[PDB]
Amino acid sequence: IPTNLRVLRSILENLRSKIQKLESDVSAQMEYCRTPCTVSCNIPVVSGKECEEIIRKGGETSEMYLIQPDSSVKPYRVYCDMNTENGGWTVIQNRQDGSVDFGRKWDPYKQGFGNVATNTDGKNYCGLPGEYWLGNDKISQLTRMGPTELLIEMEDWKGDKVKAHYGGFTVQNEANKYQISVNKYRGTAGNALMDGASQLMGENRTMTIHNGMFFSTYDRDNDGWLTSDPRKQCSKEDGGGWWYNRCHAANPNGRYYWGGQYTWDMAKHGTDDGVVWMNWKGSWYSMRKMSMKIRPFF
Amino acid sequence: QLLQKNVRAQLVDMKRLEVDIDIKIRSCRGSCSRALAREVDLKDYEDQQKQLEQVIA
Amino acid sequence: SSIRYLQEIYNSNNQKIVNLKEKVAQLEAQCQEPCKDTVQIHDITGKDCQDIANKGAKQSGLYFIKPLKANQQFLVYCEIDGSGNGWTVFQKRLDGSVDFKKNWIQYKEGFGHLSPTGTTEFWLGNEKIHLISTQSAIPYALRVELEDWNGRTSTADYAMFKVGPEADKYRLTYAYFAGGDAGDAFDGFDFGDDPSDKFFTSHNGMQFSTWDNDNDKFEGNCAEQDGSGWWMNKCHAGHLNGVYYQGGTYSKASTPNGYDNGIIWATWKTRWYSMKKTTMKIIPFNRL
């Protein structure tokens, strides 16, 4: 009681200097944002419907390409991974450094956002992927062209890695709330999408299965929770768009926590809102790398 | 007298905010000319968070 | 025992937080857009770059075109001059950044990169060259432009230029040489004593060859030997898809097979001199 005005005076004086530092940090970054970052992604001559056709046409290096899935569709940029497994992979989602905000609304997730690709060293082409989400209209159109497979890969902060391969993958259109279906699992990451979280059992595990779910963003609730209160939402402000149930065993589009480990008291709404794959690392580990890649199934 | 020891409540708000700001500044690296090189000292926050609960026992 | 609360430090911090959160929200709205890409594609489209120029496009750069018989549109670099001529560029060499030792499919479909600035190396693809140059009843012309290592440029023009279909191995054809100070390397070159060297180094009517699809007039494999795809005879006098040599000068000792495999045009420079830059581009003949 007598020794109480000592540390309690220094704790508040610590916090006020922390607010001054944050105040300065945010302000400095704001000046940097007076002008944008730039790229010069000169376009490969070789094009096709997607990245599989492109590799069949001799496009054998991983980089940005222009694809035109349909003559009715405007040609658009994508990162093609030509090296993983048999190549021909169209990247639809990528995380690697937290350089892009994935806490976005319905329209951004609909249209696509982030950086497809960036220039490497002093090259006149963009051979490195950026962080991005291709866009739900585009993802739906690609998966519905024919049987499509899905490769999800992730890496922790120690350099270990696992994968989740889904031989079958489909995304319905906006009218159908971009409903997801996955099957034919194999891999090392654990079947989070079909089986739910491996640490949960019964009802509680079942309510984490993503297969069959609709897409929701924090301004568009299509999750598993049917209760009429704003407090019960899987996607809250600055939360990722994902195929939420009640709520998730996995969220590739979660918030990028540095170093991997995070806790409830670091999270904006006290939830496990990170780049998560519970079946590998649990709810409170945020991946260092996470990506999603599709390809026509053969 | 004034037993307003709710500085443990402001300490919690600062921890969230530090992390939230760290994430938000980082998300500017893909938008803006320059990205501010910075860190978060969760160790400093928890060392003095270990206190307060210590001096109030 | 002392009695001082102060505590304005606490309330002033809460207010400093609420105002900081406002600043943080404002920074968030400034970090939503992606990096700005300097590379943009123009909106005007047409059958070729001349059609695009005719529709009022004034800027050289990247455009989609769709020849009538093409199943899909494809991207090209268009060169548009101050006189409304729209050249479709199908080959560019500039700095040796792109490997031209490519297979049949790669030469069929195209490789390298397209830039608004025309500063990148590429091969547009034989299928596309065929589609552009065989549009119904539209005579085409080819211009070859060359640059040496001392900044001098030269050209060679070929009238009624056509590239045939894959079924005829993308055969190169033209009616006649239409002039230019680079000379007519497509007519072959009288290199030495052999009375048949000029005949065997001409390029008119030659089918296209790559290492994995040999359609030349040689017992061996010209394209495999010289590391390229080209309309090989036995073997060549103009060879623009050859190996890029810095400084121009190279020799037999430079090469694995002992042959001249550089970027050559025998009527302008010795076959042991390799061009700094080349451009192969096509336009409707009536524009000339």
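Indices start at 1 and increase along the chain as displayed.
For this deposited structure, the header notes the method as X-ray crystallography, 7.5 Å.
Every residue, even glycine, has its Cβ placed from backbone N, Cα and C.
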Candidate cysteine (A:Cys33, A:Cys80, A:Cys126, A:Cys234) that Swiss-Prot pairs with A:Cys51 in a disulfide: A:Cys80
Per Swiss-Prot, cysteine bonded by disulfide to A:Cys41 (from A:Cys33, A:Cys37, A:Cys126): A:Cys126
Member of A:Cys37, A:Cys234 annotated by Swiss-Prot as disulfide partner of A:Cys247: A:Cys234
Chain C, Cβ under 8 Å: which of the recorded positions A:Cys41, A:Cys51, A:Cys80, A:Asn204, A:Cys234, A:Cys247 qualify: A:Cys41
Proximal but sequence-remote residues of the same chain as A:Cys51 (disulfide bond) (Cβ under 8 Å, at least 6 apart): A:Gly59, A:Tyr65, A:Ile67, A:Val78, A:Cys80, A:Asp81, A:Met82, A:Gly87, A:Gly88, A:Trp89, A:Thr90, A:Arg295
Rounded to the nearest Å - Cα separation of A:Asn204 (N-linked glycosylation site) and A:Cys247 (disulfide bond): 10
